[PDB]
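**Q** Supplied in structure tokens, the structure appears directly below.
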Amino acid sequence: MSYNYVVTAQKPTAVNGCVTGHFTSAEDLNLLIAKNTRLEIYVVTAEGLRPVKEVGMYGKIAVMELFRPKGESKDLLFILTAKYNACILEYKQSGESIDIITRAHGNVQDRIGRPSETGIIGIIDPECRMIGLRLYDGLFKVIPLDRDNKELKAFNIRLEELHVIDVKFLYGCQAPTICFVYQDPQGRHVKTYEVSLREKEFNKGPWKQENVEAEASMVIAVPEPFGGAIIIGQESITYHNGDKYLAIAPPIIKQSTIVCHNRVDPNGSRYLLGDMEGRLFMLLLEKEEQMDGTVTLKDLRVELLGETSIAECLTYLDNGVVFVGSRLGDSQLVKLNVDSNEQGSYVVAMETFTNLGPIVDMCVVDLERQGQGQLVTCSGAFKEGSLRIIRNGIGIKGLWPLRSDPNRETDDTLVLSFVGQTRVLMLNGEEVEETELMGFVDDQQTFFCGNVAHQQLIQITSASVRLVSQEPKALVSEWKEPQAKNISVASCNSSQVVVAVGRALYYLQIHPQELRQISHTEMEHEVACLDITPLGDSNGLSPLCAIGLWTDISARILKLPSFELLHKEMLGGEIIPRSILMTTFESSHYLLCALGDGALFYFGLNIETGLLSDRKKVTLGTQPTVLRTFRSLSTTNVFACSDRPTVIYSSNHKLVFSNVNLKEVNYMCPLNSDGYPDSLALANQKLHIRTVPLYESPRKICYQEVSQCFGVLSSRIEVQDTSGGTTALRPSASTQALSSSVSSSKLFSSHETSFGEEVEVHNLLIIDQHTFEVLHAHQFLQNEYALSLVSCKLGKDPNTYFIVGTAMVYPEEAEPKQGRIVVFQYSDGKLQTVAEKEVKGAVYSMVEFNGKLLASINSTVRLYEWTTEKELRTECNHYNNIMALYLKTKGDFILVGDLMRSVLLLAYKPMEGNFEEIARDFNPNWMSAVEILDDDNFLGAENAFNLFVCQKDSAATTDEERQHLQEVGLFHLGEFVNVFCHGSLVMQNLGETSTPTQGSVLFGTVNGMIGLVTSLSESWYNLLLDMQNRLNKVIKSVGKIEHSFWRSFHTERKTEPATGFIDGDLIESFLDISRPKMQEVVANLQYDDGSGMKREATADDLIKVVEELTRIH
Amino acid sequence: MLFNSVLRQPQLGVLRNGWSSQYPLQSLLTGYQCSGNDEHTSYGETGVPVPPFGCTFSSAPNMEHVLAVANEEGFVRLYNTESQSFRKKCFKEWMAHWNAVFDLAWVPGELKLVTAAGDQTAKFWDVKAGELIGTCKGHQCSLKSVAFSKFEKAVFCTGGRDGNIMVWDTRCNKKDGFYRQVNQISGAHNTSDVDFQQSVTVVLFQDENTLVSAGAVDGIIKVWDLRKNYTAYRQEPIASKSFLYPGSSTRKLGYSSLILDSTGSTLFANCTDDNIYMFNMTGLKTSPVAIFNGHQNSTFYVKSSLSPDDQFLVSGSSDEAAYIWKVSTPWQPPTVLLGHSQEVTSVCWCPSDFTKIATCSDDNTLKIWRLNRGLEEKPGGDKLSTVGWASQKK
Amino acid sequence: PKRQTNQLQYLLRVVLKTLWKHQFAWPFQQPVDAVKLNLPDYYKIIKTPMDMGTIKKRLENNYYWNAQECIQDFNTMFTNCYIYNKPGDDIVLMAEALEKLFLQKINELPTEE
Amino acid sequence: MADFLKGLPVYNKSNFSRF
């Protein structure tokens, strides 16, 4: 059995291209960005970048532009995905219903043809007549824009030039005219063609071919005032227009090559060009008029503006601001100031959209030190690599829950706090000051206060009853101090106010139209807030007077007037929680009392009965229920808050354990002010991100709990100059470290570079778990690339060791030949080496097997034993592989990967000592990631954005038949998966109580998606696949694209449909449709629970199932 | 460069290098080895070695490792190349033709094959049952090559030494147990001006209605459209696409063998002027973009093959060894695969394994070579247990 | 009395091989017709212009009854190439090189067992 | 005074002149 469920915890956030136009309406600009498949449209406004819609398409969006045909007000959008599917989208809005309609959908994949090396290029005629696609090598797809072509019937034109490096459109031509730069054995040339749809061929072209430089990157289309084409490449900027060949070689563009570009001035008087290193160059077009009417170009200029993120998208929105889109870094909203500043650069950032980027590795750690797991990844690359931390959630002690002012709020009453007193100051905004005034008593300090009825408020003061207000204006019912008893385990509500003044007391509910004598019987149980909490604001009758008491916790429900006598069950519970929480959706009220003494009662309150509940026995301390309320929406519930950390989700009668974003909650609740959405009230978007910038690209990360440290491999790129050996480029975290160390391997001593060469130096950084500051940065040797890291316990040695494998790399050789396996110990402050163990090869990935160690030398799986004399000794070898890249272990099973071969599961032989080959997969896969799910299922992630799971079938005969593993399940994730890990964001225990999560596995991809993979049962999988197929039949796709077509396995040669893999966004879209759509689906479903009983297909019964499925999300 | 690509893959993420794969494995060509255990010897029924001609892999699911070696005595054999059992390597062997076979083809994704020879017929066998399913009588002279469509499994092509080319459809019903030619073209490659010259050498299937053919002395490549029917067509057939010979010698040059990539846009033709030309089919460029030289194609019996990822070309030679060229860089010297005493006549790279490559030569021995890295092997023989080695031309 | 004798194995295994591995035997291993060669005299002079592809079909079909009947249809092949194929010509010359080789192996063909 | 950054095209002034 291997039936897997895959879901997406966090959406991808790596920008793949940007457009700007009047998409939503003809009066506002837009910013449309499609990260990997998720397409978000932002409407440009004064408040910032307000999102208006995000959609999920079944395909990796690759070609994106906006075109405005004649006869249409708002311009349509053309989308081409990585599965060769073309869609034309239009923004349709009717008052509030926002939807995107597909005016023309089609499939443009050709059975024959080689895919292009650059990728996929889409071009639009400036007058919006036809669509040009550079899909396959040697072909040029052309789609007419005639409205009868709803099915997108295109035609392919054959051109003589095969290796076309770029193709774009021209300007000012009556007929559709394109220009392309191409590579031939004679060099790189630029040629123009006049494409005509009437003859369906290519004409001669406006101007002849011109020999451009050997490194022409891409072409820029200059608008009508100047026309022609712009060719930018490494060390060259040229302008070609008929008889004009104005070319310059600026000395500033020499460092790197331009990647992205955009046009700012509508007439074409200014351009922005990106760079590989993040520099944002600007291109100036100097114009001049000759005689009358004719305008030509004077000269070209380039200028450096500043440094930005790693530029893959550049767009100019409005008012001198630029959207800097990034693939390996966070996106930026930079501002182009007219005047410069210090360290002169006209680029100043305004907003930073977080991007997970190329997640290389990840690991699960426990900062809380309880036993649960939080993710930490080595995000980013090049100069902007960081250490972003992903977690689950949603000395400032004490809050202001008094939302007295309906709109002004801020701070009007300084309600300051100590033991059994009252500090209430009149404030003007958040101005708080330690200027004690004698007008109001200030030696007192408040816990709580309340209102009674008809705003006959009470000025609680020991001196005199001086009501500073206009409504009551009387000395009636001041909160007296019979024994100097201020709020000391005391409280009051608002609908009714029951106090305990001394011991004999006339019920203080004597207010205008609020008269009652119920708490007149002598109460022997003085409660903090002895009262009832109504079901809304009902008063004057007795709809539900049954509340109960928690002093003895009896089945009898004690109403307030009774106060009877029962068995003396005064338990040890006296510790106070924070609150019990008003939290439900529309109409369901429950009573999850905080009975943390034992048998935590998460009552699913049946109002009438309230008998029992699903009890989760969490044996914690002495914590009874404490009544407290803060209100945010139409909510009526409470919350069990026992001693050992318990943070819950809102459910019917069950519970989960999670984290609140605040790291300390004694008397805490955040604000409701909606002023700053970027800087939220998150003290320290369901998953929260904490960013620690290292200013250098990390490679591998591991955690040690004995010293509570993070060991991270990192690579720093420095320009190598002969004057001084090597000079740094930017100050990274390695240079700005508290300590430093340089490796010294005397036995392993074994070229020269130029002044313009660059050197990648690999370092190991030790980072504290609390402050996340670098402590020690051990620097490796020259031409030393480090490719592994593991903190492990070896043999009988009580110490834990950081083991790093590394290899020499020289520009001459293609494969490393010599390497080493270095062992470090972190005693205090300094990393001390122990052993070197020089190995002729290249270490790739190392995992602690069973107290010994296993290596991943090229074409070699070796076992090393940590002897008593502190050195590694070889134990056994296995050479039946090309070279083992990624390796995972579980028990006695060693899942060995290969870059072009397949799963190579090996079994250790304790009696023999050498490895054996139980089975091996015999298919070509081009593997990229390996994981072992269970004792039988082995899962892998590919280089062509694919997922698969194979099994070691035990039904085969006692022969070579069992030596084969068949691909049980296949899936097309559509993303380049990079790392697999074990854990979950939910509290990681007690998940076997019929919950459909049999083993949770995280995966992190290159584009920055966190994903969950779990296992189900056979009946669960069959029901779930059937319901998914029914929903796919019922629901309408965003771009008229089939879900099964998109999820089907698709390599370069095989296109078998996806089997044995339940999808994640389609399953969770069931909760995002209207009730008639719930009735359209599940109309004749079975909903098999046992074998054949209870076949009714209740919509709520499937809603509960989907909720249980999305609990692990 | 391979290690650099591997290291840079996680940070950047999927970069296209021209061909249908990444990781430019150029540095592991000099690691192909064939031990004396994996080598296979073809022994005749009378005891005399028989030189195999025609040995290709398969495409059926879960049985892609079987080989299709056929010797000159008609004893067609089906082997197994993956498992290391060393006992009874010849899984199947039977008599299909009473004459000397010439070429073998398999229907994609099925356990059936087609055998061709000078019997003037083509036999359609079902190897899962071992029965003579079909007979394809209708050739006036001997047969030379048979090919199956990658996309279509029911129709296929057959070319004869008479200078005739007909497509046989298995969906058609035989009238007396003999198949009938659905469409026939006569004199497909006749000299520009019934003999040794009027004979098509290789006929390959491009897509569901296109055929690429090359003959003996015309020296040109003719691509026909099978949608345009040739029922009567009482004239010399015209070619939808024509590819002339870009040579210098004025002799009766020809194309010994032809192969296509995994897509169908690049065509590699091994001419008999010690050259291999590569042509583009998607474009309209009739001139060859790239050529390869170094192997001697003196005999019309030499074939060639492509790697599964379409990166490297392997071919026979008169140097008693196989030659391997890199597609992207033809200027570099090739890699020679020494070990064979006599002429190599056919080489086949596995369509679903970069490692196993089967070379069947005129030395009456078929050798299945596999990648051999990790020079620090366990002891027990250095040169004794080795009958072939890879070397760079220098 | 029909029976199996080592001489029919001779003409059925390796003498039939020499018939099949016979040089200049090219147009006869295909059963002869008239429309394909546009020679109508072949079927009008002789009622049954049989070739030895047909005798191959019939010996693998085991239709032949007597060894005398088998050698009689073989010398009927002889007689057909003598009566239709004109003597004193190139065609009867290559058919007679064929005839020389068959005379040699009918010398090689022994008696029964 | 510099022409490379001067007179950028603008919509209504209350577009990016707040927050």
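Counting begins at 1 with the first residue displayed.
Each Cβ is built from the backbone N, Cα and C atoms, and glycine gets one as well.
These came from Swiss-Prot, pasted as-is:
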- B:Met1: N-acetylmethionine (MOD_RES)
- B:96-135: repeat 'WD 2' (REPEAT)
- B:138-178: repeat 'WD 3' (REPEAT)
- B:168-171: motif 'DDB1-binding motif' (MOTIF)
- B:224-227: motif 'DDB1-binding motif' (MOTIF)
- B:248-289: repeat 'WD 5' (REPEAT)
- B:294-335: repeat 'WD 6' (REPEAT)
- B:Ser391: phosphoserine (MOD_RES)
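Burial and contacts for the listed features, if you can.
**A** Spatially close to B:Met1 (N-acetylmethionine) yet at least six residues away along the chain are B:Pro24, B:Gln26, B:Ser27, judged by Cβ distances under 8 angstroms.
Sequence-distant contacts of the repeat 'WD 3' (B:138-178) (same chain, six or more residues past either end, CB-CB distance under 8 Å): 102-110, 114, 116-122, 124, 184-190, 194, 198-205, 207-208, 211, 213, 215, 226, 264.
Non-local neighbours of the motif 'DDB1-binding motif' (B:224-227) in the same chain are 167, 183, 185, 188, 208-211, 213, 237, 239-240; each lies 6+ residues outside the stretch with a CB under 8 Å from one of its CB atoms.
Here the repeat 'WD 5' (B:248-289) has long-range neighbours at 20, 150, 197, 201-202, 204, 206-207, 212, 214-219, 221, 223, 241-242, 295-306, 308-310, 313, 315, 325, 327, meaning same-chain residues at least 6 beyond its ends whose C-beta is under 8 angstroms from one of its own.
Only residues 6 or more beyond the boundaries of the repeat 'WD 6' (B:294-335), in the same chain, are considered here, and those with a CB under 8 A from a CB of the stretch are 18-21, 24-26, 29-30, 53, 201, 216, 254, 256-257, 259-263, 266, 268, 270-276, 278, 341-354, 357, 359, 361-363, 390-394.
Remark: B:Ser391 (phosphoserine) has B:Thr30, B:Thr335, B:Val336, B:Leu338 as non-local neighbours, by Cβ distance under 8 Å and separation of at least 6 in sequence.
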**Q** Just how far apart, in Å, sit the Cα atoms of B:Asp193 and B:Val194 across 19 unmodelled residues?
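**A** Here the endpoints' Cα atoms lie 13 Å from each other.
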**Q** Any residues 6+ beyond the ends of the repeat 'WD 2' (B:96-135) with a Cβ under 8 Å from its own?
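**A** Distant Cβ neighbours of the repeat 'WD 2' (B:96-135) are 53-56, 58-61, 63, 68, 70-74, 76, 78, 141-150, 153, 156, 158, 160-161, 168, 170, 174, 177-179.
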**Q** Determine how many residues of the repeat 'WD 5' (B:248-289) DSSP places in helix, in strand and in coil.
**A** 0 helix, 18 strand, 24 coil
